[PDB]
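Heads up: the structure comes next, in structure tokens.
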Protein chains: 4
Amino acid sequence: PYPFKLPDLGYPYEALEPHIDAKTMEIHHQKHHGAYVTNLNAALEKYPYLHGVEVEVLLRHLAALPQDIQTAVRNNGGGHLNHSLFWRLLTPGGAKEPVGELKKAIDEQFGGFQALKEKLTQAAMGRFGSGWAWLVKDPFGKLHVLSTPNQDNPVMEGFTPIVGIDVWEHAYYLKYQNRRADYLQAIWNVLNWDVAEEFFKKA
Amino acid sequence: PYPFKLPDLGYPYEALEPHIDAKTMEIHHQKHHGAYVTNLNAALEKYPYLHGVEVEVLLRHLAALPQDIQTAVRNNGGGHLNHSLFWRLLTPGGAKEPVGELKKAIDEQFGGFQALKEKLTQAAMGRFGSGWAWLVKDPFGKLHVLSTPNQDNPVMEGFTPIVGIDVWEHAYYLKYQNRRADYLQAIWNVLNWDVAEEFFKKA
Amino acid sequence: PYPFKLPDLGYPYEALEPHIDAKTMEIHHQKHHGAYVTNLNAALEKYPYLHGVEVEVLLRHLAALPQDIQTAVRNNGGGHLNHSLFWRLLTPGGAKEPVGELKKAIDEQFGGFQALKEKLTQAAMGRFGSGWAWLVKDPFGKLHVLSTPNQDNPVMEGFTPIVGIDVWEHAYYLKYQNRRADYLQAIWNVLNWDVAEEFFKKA
Amino acid sequence: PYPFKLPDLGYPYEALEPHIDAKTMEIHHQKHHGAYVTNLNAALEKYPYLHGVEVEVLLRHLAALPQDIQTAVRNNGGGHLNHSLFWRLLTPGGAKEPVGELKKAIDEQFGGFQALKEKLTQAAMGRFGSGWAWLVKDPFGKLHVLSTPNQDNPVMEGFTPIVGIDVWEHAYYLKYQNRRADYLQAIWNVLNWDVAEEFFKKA
Ligand SMILES: [Mn+3]
Ligand SMILES: [Mn+3]
Ligand SMILES: [Mn+3]
Ligand SMILES: [Mn+3]
């Protein structure tokens with residue numbers, strides 16, 4: 001809760017080369033994510049009664065926040081949560097394909113990893129403008145693939161995020177320019193499915 | 001949970017005369033509310049995995065429901081929950097002014113009952129078209145007065161409803177015609193604040 | 001343009017009996033439409049620069065209007081325009097089935113009056129809450145059947161309304177109560193297709 | 001009308017250096033604008049009846065277009081129109097401050113170029129995610145500063161665009177990365193106010 005902090009990236013900026021360039025990792029983490037944390041803290045600073053609330057809870061209750069900070073919390077709180085998840089999902093050294101319980105749910109519900117990749121790729125490519133593509137779980141045990149605009153996080157709608165892929169141009173412009181599809185092909189090489197499994201089990 | 005049932009009104013249709021006419025109470029309960037229950041059950045019938053979920057939960061997770069029934073659940077599930085609360089709030093024999101813990105929160109936050117009545121009246125009069133005016137509580141202990149369109153219930157946004165006033169024309173047309181303001185003046189005579197207090201304490 | 005006028009019905013309030021009751025015709029014209037005109041004028045009084053503009057123009061450029069009157073113009077301006085068309089469409093003595101050029105357009109695009117009646121009935125039945133069902137024409141010569149919420153008029157989206165059916169509860173509650181279907185069945189006996197032809201030809 | 005054409009920039013890709021880099025100008029025109037034109041044409045190929053319509057007309061009547069192409073036209077049609085205006089506004093060799101009738105309008109409504117630059121900068125800075133900041137004219141002779149999301153163009157709401165500033169990340173990421181503010185500071189050196197005057201006069 002408040003004051004929110006920029007999480008450690010956790011590995012060297014060049015750990016994901018040649019899939020994601022080092023310069024992007026640094027700017028994405030230090031500048032983009034760093035700015036969302038600053039702005040989120042700046043919004044919440046004037047309302048002490050919201051100081052002990054986790055960001056997930058603020059996002060599930062946007063409509064209850066003072067009107068003058070709802071957009072700032074949505075954008076920046078969503079930006080903080082989304083990127084926090086993203087850095088963990090990109091941790092080197094994990095399974096490159098779904099494993100464990102998440103694997104069984106994916107096989108059962110989508111027919112297997114190949115079918116999921118295709119659906120997640122379609123949702124990411126179809127997100128016009130800035131956004132994120134997601135694999136989420138609902139309270140009823142079903143998995144869904146969807147995309148959200150800008151920094152909106154699926155917890156706003158009651159879902160629990162499992163995998164998120166950043167499709168803002170800043171996530172891929174330096175190395176791939178307009179070629180979002182090439183960026184998506186490369187992301188599969190660095191996703192950590194042991195981390196996705198933890199997210200899946202935890203909720 | 002499924003199959004949902006029309007709740008007993010709980011008192012004679014004429015119990016609220018001369019404030020709300022008996023004919024409206026009967027049609028509002030049997031026909032309007034009866035239709036929302038039927039339609040909600042018809043939507044959920046084809047999805048057994050949703051059969052043990054309370055209506056409040058379905059409404060908090062609309063985005064997760066099969067696409068072909070999201071609107072039907074929103075409209076009819078919202079219609080069922082809204083009117084269920086309304087019949088209880090209109091139970092004869094209760095306090096005519098806020099009492100207990102809800103009274104302390106209202107005095108503290110709005111300055112007293114008179115200030116609340118004025119705010120709730122403004123929200124009800126300002127709801128253009130069909131809708132409901134509400135006094136709700138959020139998870140952070142604050143009260144809000146707002147209105148929602150059609151049969152939307154504030155649980156969709158994370159709030160807990162305390163008092164709801166139906167402003168669909170069917171709620172007042174037979175006796176008051178276009179005079180929504182006269183209907184609102186009369187509603188204060190039949191609200192049960194002991195029931196509002198229970199809602200307030202319970203969440 | 002400003003100050004707008006409530007148009008005369010042009011026929012006695014009892015002229016559509018037993019299809020639509022006289023008391024509703026009177027209240028619907030004098031109280032509902034009368035209030036929309038009055039409120040539209042009150043909104044526009046403060047901005048002399050908008051006094052020479054027809055309501056249709058104001059509605060097509062809502063986004064340009066001063067922020068404090070946008071909703072008032074949308075709601076009361078739409079209320080004014082929708083009801084003015086409606087009174088003309090209910091004028092006694094006209095053709096009871098489509099005639100002329102509109103007939104030709106209906107037979108080519110929908111397949112016949114029977115097919116159009118079914119689509120329009122579905123559209124009126126499917127409008128949850130307050131709204132209007134419409135037969136409209138676009139600039140490319142296509143006819144569409146759609147519904148709009150509250151007092152929104154299809155001119156806001158670039159369509160030209162030909163037939164509009166009021167499905168707010170005040171339009172039918174006194175005589176039909178919850179039975180919107182019985183009300184739509186009755187409307188077919190009173191719609192004036194020579195007026196609809198006029199609207200279609202000036203389209 | 002159809003088939004739409006990618007317009008030539010009309011100047012070398014390096015003409016705006018060091019304000020906007022040549023590599024961005026090239027990719028922005030050939031790859032981004034080129035794809036919007038290509039995709040717009042692909043959407044329209046299936047509906048011969050829409051082939052004689054200018055893109056502005058298609059955008060003002062999106063609601064009338066077949067459902068399967070509405071988004072494609074909105075996004076790629078808006079992309080086409082926004083970028084075509086943008087290349088013209090960046091034409092080298094024009095006035096660096098407002099001139100002529102637009103100047104008069106700016107001085108009367110905003111108080112001067114300095115006041116307009118501040119409003120437009122705020123509007124560009126405040127557009128979260130992808131979008132465009134605009135100076136637009138309405139039918140009543142008022143100038144407005146607003147922003148739009150993604151490739152939405154103000155013509156959809158009845159405005160005539162005069163100045164449009166692209167704030168999608170692809171417009172500035174190669175040279176400025178996260179520093180949108182530095183990019184806006186640079187744009188003032190390259191905007192052609194004689195072209196803006198032309199747009200304002202044909203308004
Ligand atoms: Mn990012
Ligand atoms: Mn009701
Ligand atoms: Mn009406
Ligand atoms: Mn661009």
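Going by the structure tokens order, chains are called A, B, ..., each with residues numbered from 1, while ligands are numbered from 1 in the order shown.
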Q.
Taking only C-alpha atoms and all ligand atoms and a cut-off of 9 Å, can you tell me which residues surround ligand 3, written as number ranges by chain?
A. C: 28-29, 32-33, 79, 82-83, 86, 131-132, 151, 166-171
Selection export as a PDB file, in the first residue's frame, atoms kept: N, CA, C and O atoms:
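After the write, selection02.pdb holds the following:
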```pdb
ATOM      1  N   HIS C  28     -49.257  13.180 -22.037  1.00  0.00           N
ATOM      2  CA  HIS C  28     -48.064  12.939 -22.877  1.00  0.00           C
ATOM      3  C   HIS C  28     -47.672  14.232 -23.654  1.00  0.00           C
ATOM      4  O   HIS C  28     -46.503  14.625 -23.668  1.00  0.00           O
ATOM      5  N   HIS C  29     -48.657  14.935 -24.215  1.00  0.00           N
ATOM      6  CA  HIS C  29     -48.444  16.197 -24.929  1.00  0.00           C
ATOM      7  C   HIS C  29     -48.242  17.412 -24.014  1.00  0.00           C
ATOM      8  O   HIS C  29     -47.207  18.086 -24.074  1.00  0.00           O
ATOM      9  N   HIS C  32     -45.456  15.985 -20.570  1.00  0.00           N
ATOM     10  CA  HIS C  32     -44.112  15.486 -20.928  1.00  0.00           C
ATOM     11  C   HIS C  32     -43.484  16.321 -22.018  1.00  0.00           C
ATOM     12  O   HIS C  32     -42.432  16.886 -21.787  1.00  0.00           O
ATOM     13  N   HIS C  33     -44.110  16.426 -23.181  1.00  0.00           N
ATOM     14  CA  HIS C  33     -43.542  17.229 -24.271  1.00  0.00           C
ATOM     15  C   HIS C  33     -43.426  18.702 -23.849  1.00  0.00           C
ATOM     16  O   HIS C  33     -42.392  19.316 -24.011  1.00  0.00           O
ATOM     17  N   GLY C  79     -36.077  15.049 -26.591  1.00  0.00           N
ATOM     18  CA  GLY C  79     -37.478  14.878 -26.184  1.00  0.00           C
ATOM     19  C   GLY C  79     -38.423  15.650 -27.079  1.00  0.00           C
ATOM     20  O   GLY C  79     -39.413  15.132 -27.552  1.00  0.00           O
ATOM     21  N   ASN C  82     -38.350  14.028 -30.772  1.00  0.00           N
ATOM     22  CA  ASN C  82     -38.988  12.720 -30.838  1.00  0.00           C
ATOM     23  C   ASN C  82     -40.487  12.849 -30.752  1.00  0.00           C
ATOM     24  O   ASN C  82     -41.196  12.235 -31.517  1.00  0.00           O
ATOM     25  N   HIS C  83     -40.971  13.638 -29.816  1.00  0.00           N
ATOM     26  CA  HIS C  83     -42.442  13.779 -29.627  1.00  0.00           C
ATOM     27  C   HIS C  83     -43.113  14.536 -30.775  1.00  0.00           C
ATOM     28  O   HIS C  83     -44.228  14.186 -31.145  1.00  0.00           O
ATOM     29  N   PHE C  86     -43.607  12.071 -33.393  1.00  0.00           N
ATOM     30  CA  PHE C  86     -44.603  11.107 -32.952  1.00  0.00           C
ATOM     31  C   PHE C  86     -46.061  11.585 -33.156  1.00  0.00           C
ATOM     32  O   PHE C  86     -46.852  10.837 -33.680  1.00  0.00           O
ATOM     33  N   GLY C 131     -36.906   4.401 -23.893  1.00  0.00           N
ATOM     34  CA  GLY C 131     -36.345   4.570 -25.214  1.00  0.00           C
ATOM     35  C   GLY C 131     -37.379   4.651 -26.314  1.00  0.00           C
ATOM     36  O   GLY C 131     -38.589   4.761 -26.038  1.00  0.00           O
ATOM     37  N   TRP C 132     -36.899   4.588 -27.553  1.00  0.00           N
ATOM     38  CA  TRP C 132     -37.707   4.687 -28.756  1.00  0.00           C
ATOM     39  C   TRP C 132     -37.260   3.648 -29.768  1.00  0.00           C
ATOM     40  O   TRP C 132     -36.060   3.375 -29.804  1.00  0.00           O
ATOM     41  N   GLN C 151     -34.194   9.829 -24.460  1.00  0.00           N
ATOM     42  CA  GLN C 151     -34.688  10.690 -25.535  1.00  0.00           C
ATOM     43  C   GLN C 151     -33.675  10.868 -26.641  1.00  0.00           C
ATOM     44  O   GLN C 151     -33.748  11.832 -27.424  1.00  0.00           O
ATOM     45  N   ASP C 166     -42.555   5.447 -29.343  1.00  0.00           N
ATOM     46  CA  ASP C 166     -42.204   5.809 -27.961  1.00  0.00           C
ATOM     47  C   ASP C 166     -42.441   4.588 -27.083  1.00  0.00           C
ATOM     48  O   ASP C 166     -43.546   4.117 -27.021  1.00  0.00           O
ATOM     49  N   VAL C 167     -41.409   4.060 -26.447  1.00  0.00           N
ATOM     50  CA  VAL C 167     -41.603   2.952 -25.527  1.00  0.00           C
ATOM     51  C   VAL C 167     -41.267   3.314 -24.080  1.00  0.00           C
ATOM     52  O   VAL C 167     -41.009   2.445 -23.264  1.00  0.00           O
ATOM     53  N   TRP C 168     -41.224   4.599 -23.743  1.00  0.00           N
ATOM     54  CA  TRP C 168     -41.114   4.972 -22.348  1.00  0.00           C
ATOM     55  C   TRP C 168     -42.420   4.477 -21.709  1.00  0.00           C
ATOM     56  O   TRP C 168     -43.479   4.472 -22.370  1.00  0.00           O
ATOM     57  N   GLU C 169     -42.363   4.119 -20.426  1.00  0.00           N
ATOM     58  CA  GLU C 169     -43.560   3.649 -19.745  1.00  0.00           C
ATOM     59  C   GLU C 169     -44.688   4.648 -19.723  1.00  0.00           C
ATOM     60  O   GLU C 169     -45.828   4.243 -19.775  1.00  0.00           O
ATOM     61  N   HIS C 170     -44.408   5.934 -19.691  1.00  0.00           N
ATOM     62  CA  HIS C 170     -45.503   6.910 -19.699  1.00  0.00           C
ATOM     63  C   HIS C 170     -46.352   6.853 -20.976  1.00  0.00           C
ATOM     64  O   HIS C 170     -47.485   7.334 -21.006  1.00  0.00           O
ATOM     65  N   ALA C 171     -45.833   6.251 -22.027  1.00  0.00           N
ATOM     66  CA  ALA C 171     -46.566   6.184 -23.280  1.00  0.00           C
ATOM     67  C   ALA C 171     -47.681   5.197 -23.255  1.00  0.00           C
ATOM     68  O   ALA C 171     -48.576   5.263 -24.095  1.00  0.00           O
TER      69      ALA C 171
END
```
Q: Quick one: everything within 10 Å of residue 197 (chain D), counting only C-alpha atoms, minus sequence neighbours fewer than 5 positions away in the same chain. Send it as a count of residues only.
A: 12
Residues near residue 64 (chain A), anyone? I mean within 8 Å using only C-alpha atoms, not counting same-chain ones fewer than 5 positions away, as a compact mmCIF listing (two decimals) with C-alpha atoms, in the first residue's frame.
```
# COMPACT_ATOMS: atom_id res chain seq x y z
CA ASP B 138 -18.11 1.39 0.16
CA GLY B 158 -18.25 -2.67 -5.61
CA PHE B 159 -20.72 -0.81 -3.40
```
Q. Per DSSP on the backbone, what are the alpha helix (DSSP H) residues of region 43-146 of chain B, as an MDAnalysis selection string?
A. chainID B and resid 43:44 55:60 70:89 100:110 113:126
Produce a table with one row for each residue of chain A that has an atom at most 12 Å from any atom of chain B, each row naming the nearest atom pair and its distance in Å at one decimal; use only C-alpha atoms; arrange rows by chain and rising residue number; format as a tab-separated table.
```
residue	atom	partner	partner_atom	distance
A:47	CA	B:140	CA	11.7
A:48	CA	B:140	CA	11.4
A:49	CA	B:140	CA	7.7
A:50	CA	B:140	CA	7.6
A:51	CA	B:140	CA	10.7
A:52	CA	B:140	CA	10.2
A:53	CA	B:140	CA	9.0
A:57	CA	B:139	CA	9.3
A:58	CA	B:139	CA	10.0
A:59	CA	B:158	CA	10.1
A:60	CA	B:158	CA	6.8
A:61	CA	B:158	CA	5.6
A:62	CA	B:157	CA	7.8
A:63	CA	B:157	CA	6.3
A:64	CA	B:138	CA	6.4
A:65	CA	B:138	CA	9.3
A:66	CA	B:142	CA	10.7
A:67	CA	B:144	CA	11.9
A:136	CA	B:64	CA	9.9
A:137	CA	B:64	CA	8.9
A:138	CA	B:64	CA	6.4
A:139	CA	B:61	CA	8.3
A:140	CA	B:50	CA	7.6
A:141	CA	B:49	CA	9.4
A:142	CA	B:64	CA	8.4
A:143	CA	B:64	CA	9.2
A:144	CA	B:64	CA	8.1
A:145	CA	B:64	CA	10.8
A:146	CA	B:63	CA	10.5
A:154	CA	B:63	CA	9.6
A:155	CA	B:61	CA	10.2
A:156	CA	B:157	CA	9.0
A:157	CA	B:63	CA	6.3
A:158	CA	B:61	CA	5.6
A:159	CA	B:64	CA	7.6
A:160	CA	B:64	CA	10.8
```
Q) What are the DSSP strand (DSSP E or B) residues of region 26-191 of chain B, as a list in words? A)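 So, restricting region 26-191 of chain B to strand (DSSP E or B), we get residues 131, 132, 133, 134, 135, 136, 137, 143, 144, 145, 146, 147, 148, 149, 160, 161, 162, 163, 164, 165 and 166 of chain B.
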Q.
One number please: CA of residue 198 (chain B) to CA of residue 150 (chain B), in Å, one decimal.
A.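 Interatomic distance here is 25.6 Å.
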**Q.** Interatomic distance (Å, one decimal) between CA of residue 180 (chain C) and CA of residue 126 (chain C)
**A.** 10.6 Å
Q. Could you state the separation of CA of residue 2 (chain A) and CA of residue 39 (chain A) in Å, given to one decimal place?
A.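 CA of residue 2 (chain A) sits 11.9 Å away from CA of residue 39 (chain A).
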Q) Pick the closest to residue 177 (chain C) from B:97, B:26, B:8, B:54: which is it, counting only C-alpha atoms? A)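 That would be B:26, the residue with the smallest distance to residue 177 (chain C).
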